[PDB]
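A.B. asks:
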Amino acid sequence: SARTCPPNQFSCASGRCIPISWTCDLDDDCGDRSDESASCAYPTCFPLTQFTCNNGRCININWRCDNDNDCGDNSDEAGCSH
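Convert by adding 931 to the 1-based position in the sequence shown; the result is the number in full-length UniProt numbering.
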C-alpha cells in the first residue's frame, strides 16, 4: 500500500482508511482533525462524489434511499427509517 490507504483512498488520522471524497464531509466521517484540516477549504462540500444536505450540511453521496440522499431535515426524506 502506497503511504497507507490506497491511491483513490484517504487516510484520515493516517491509520483510518476511507475513500477520497469523504475527506471534506463535515464531521460525520472522521470529524475535523485531519480530514477537514488537510484539504477542506470548500464552499461546495466536495466535488468528488458527495451530496449537499439542504439543512446546510454536506453528506456522503451513498445515502440515497428513497430517491434522494439521507440527511434528516427536509431534503431527501429526512431519514429512511424502518
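Note that CB positions come from ideal geometry on N, CA and C, so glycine has one too.
Run the CB neighbour count on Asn939, radius 10 Å, all protein chains shown included, and call it buried at 16 or more, exposed below.
C.D. replies: exposed
A.B. asks: Could you tell me whether any non-hydrogen atom of the ligand ZN is closer than 7 Å to the CB of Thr935?
C.D. replies: The ligand ZN is not part of this structure, which contains no ligands at all.
A.B. asks: Is the number of C-beta pairs between the region 961-972 and the region 983-1002 that are closer than 8 Å three or more?
C.D. replies: no
A.B. asks: By alpha-carbon positions, which one of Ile990, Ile951, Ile949 ends up nearest to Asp958?
C.D. replies: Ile990
A.B. asks: Do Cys955 and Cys936 come within 8 Å of each other at the CB atom, strictly closer than that value?
C.D. replies: No, the pair does not count as a contact, with Cβ atoms beyond the cut-off.
A.B. asks: For a quick check, are the C-beta atoms of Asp999 and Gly1010 less than 8 Å apart?
C.D. replies: no
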